[PDB]
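Take a look at the structure tokens below, where one protein chain is shown in two forms, each on its own, as structure 1 and structure 2.
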Structure 1
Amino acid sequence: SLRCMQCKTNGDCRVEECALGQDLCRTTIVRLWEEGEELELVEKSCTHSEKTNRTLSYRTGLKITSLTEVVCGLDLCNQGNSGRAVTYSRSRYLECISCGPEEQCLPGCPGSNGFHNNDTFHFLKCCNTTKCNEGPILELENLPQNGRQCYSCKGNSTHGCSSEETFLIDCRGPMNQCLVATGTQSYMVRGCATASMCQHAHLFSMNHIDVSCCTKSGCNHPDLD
């Protein structure tokens, strides 16, 4: 009876006897090139000569890339303040797509969104063209001054956003608009935004998010709401 080598990189590799009706050994090679990169994967497994039917997935056309950065000056501040351990990666698959952050099955895309203040940065770009995908998303530390200045805070009207705590900051990159965002107990941020953000906002990450923008330096000052 028929035994094949069962092996793929980062896997439990063994010789295995196959199930009945698995009559073929297989070597698979996937070579993939994009953006000057060449990936080459090999997988060896049993397999079958029978044709077997399989569903085809919903070709969405859209790839959504979302970035969030947080910075601080104090020691060890990027340590997580949880009791338990921190997530560093996560694969999530929506199995509806194989038949049988939005949940559509059976948005203000394409475009980019941007926001930042003195110590946090959120960028989101969704693309239906290949060039859009190949572009990298630049973090705060690589965006130059744009001549705009806006006010920055986050927190209650008494903790996080209060005359002491709100500072004027020099905007960077395409975030050449000033922004306020109101939401939820009451909670608020100020910072530089892209004009894109002011139309379709998506942030922390509160609800009943109320957003307004103005396009002159300093104009998101508190005594202007």
Structure 2
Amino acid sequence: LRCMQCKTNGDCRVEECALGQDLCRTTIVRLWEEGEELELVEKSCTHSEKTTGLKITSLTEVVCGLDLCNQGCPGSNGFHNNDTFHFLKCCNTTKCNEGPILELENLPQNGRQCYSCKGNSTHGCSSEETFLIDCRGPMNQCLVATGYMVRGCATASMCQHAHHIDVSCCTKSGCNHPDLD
């Protein structure tokens, strides 16, 4: 028996089916969501045989203001600083949250304010380069991490272990002031 074996962007063949493959199949998968319509059609040989993972998505964003400066589980946790933003979402595929992740500049701010800095203790996260920022979105705790030092806004999910490479979190505005670590 010979069937059309054709994927989109795969090998499209006239195929001699294997012994025990007594059927030709054509399948049409259609998908409708907001601002997307997709139709795939595959053909192949098949046989009547009688007889769950997790998804992880991550956004990382860096902003800058100078000229041409951009050149070169079931839970979510993010950290968003004032220069860089990192969010990580993880779901069980049976019941998954496909809601999008918004970049830093689109998150509404939450009212929290935290100090922000990056780099080594003495330079980069001195209290000369450390400045207060408004937190945005779900990152409503103030975070310090050291292992080098980073400060910013964080979600509670990112504060709960706090282990090496250690993190400290606190729930009140300004609480990550540099000589309070």
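Only the largest set of C-alpha atoms that superpose within 1.5 Å between the two forms is called the rigid core. Residue indices: 1-based, along structure 1.
- Core-superposed comparison between structures 1 and 2: the Cα of residue 165 travels less than 2 Å.
- Annotation: Cα of residue 215 displaced by less than 2 Å between structures 1 and 2, core superposition.
- Residue 43 shows a C-alpha shift of 2 Å or greater between structures 1 and 2 [criterion: core-superposed Cα displacement of 2 Å].
- On a core-based overlay, residue 134 has a Cα shift of 1.9 Å between structures 1 and 2.
- Summarising the core-aligned comparison between structures 1 and 2, the C-alpha atom of residue 178 is found to shift 0.1 Å.
- In the core-aligned comparison between structures 1 and 2, the Cα atom of residue 30 sits 5.0 Å away from its counterpart.
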